[PDB]
């Protein structure tokens, strides 16, 4: 009922948010990361005379996302329920100036297309990198120690120790490799310190400190194939870039030790769907697990749901209640800064001044 705002010329800005529905779970106000509570920023936007419109309806061209997209200045996405911003969707977005990811990973945006339009793309760098590091250890131990079939077995009334431990091992004196030595890569190695690994290995374009490598008890592998062929466990910790799409194909998976484990809480598309299914069926992989899929939601018939020895979940690790707090705060901050014509922290920029952040090249 108020026509103006505290912005230039009192132009009312429209902020569009796409979040999953929490339905009854939204009764917990700590549950910020959902369409119902919308990061708890509605009153703070409405009180500036700005418009705040949110939806969980992002799929197909009849979507609330496509309706509302035309006159939106600011788009908030979340990786857990990601608005896929194609060249077409960006081109219809006539007022769009800022794309902010409530989480980490902005690959659900056409970054090359956003860059060409001079749009700004940002994410809450660092906000759930500890949460994913914890979940990666979870997935390693669950696959190595064969937890899931055992939990299934006793929940359905059975008792057969052998049907579980015929495929259960200890992590001690095994070799773990992280593809990526970024924030999550490093938080993983910090958390694998006490497990008495043979070696902790990382592959990245960037050497860490010699001092950092000592701190993390890790060693750099120059060649990826050289790292993979030493590893009992492989963890994916890169963004989804043009370099990293389908990086874990037939060829690259056969380069891994027989019965080795593949954990991916980075992005599904970094691992070829059919290649992971088959190597799980053959046993060339001891198992595959992660919260991330090449389509979000994953179609009912995504094979990663039904393949053997999998530790799959929906996209949960970076959106625990504790993670939601951090990326909510970071999202509000960047919208605050944008309205104040203030630079974001340099690390939060994925696309700025028509250029992609070096880690997406």
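Residue numbers count along the first chain shown, from 1.
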Legend entry - Selected stretch [higher average CA B-factor]: 218 to 226 or 94 to 102: 218 to 226
Inset, instruction - Pick between 286 to 294 and 246 to 254: the one whose mean CA B-factor in the entry is higher. - result: 246 to 254
Inset, instruction - For the C-alpha B-factor as written in the entry, point me to the maximum among 170, 136, 107, 274. - result: 274
Inset, instruction - Sort 193, 81, 267, 166 by C-alpha B-factor from the entry and give me just the highest. - result: 193
Inset, instruction - Check where residue 336 lands among this chain's C-alpha B-factors and tell me if it's the lowest, middle or highest third. - result: middle
Inset, instruction - Consider only the C-alpha atoms of the modelled residues in this chain, order them by B-factor as the entry records it, and name the third containing residue 313: lowest, middle or highest. - result: lowest
Legend entry - Chain-wide C-alpha B factor ranking for residue 12, given as lowest, middle or highest third: middle
Legend entry - Record-listed C-alpha B factor of residue 326: chain third: lowest
Inset, instruction - Compare the C-alpha B factor of residue 63 with those of the other modelled residues in its chain, then answer lowest, middle or highest third. - result: highest
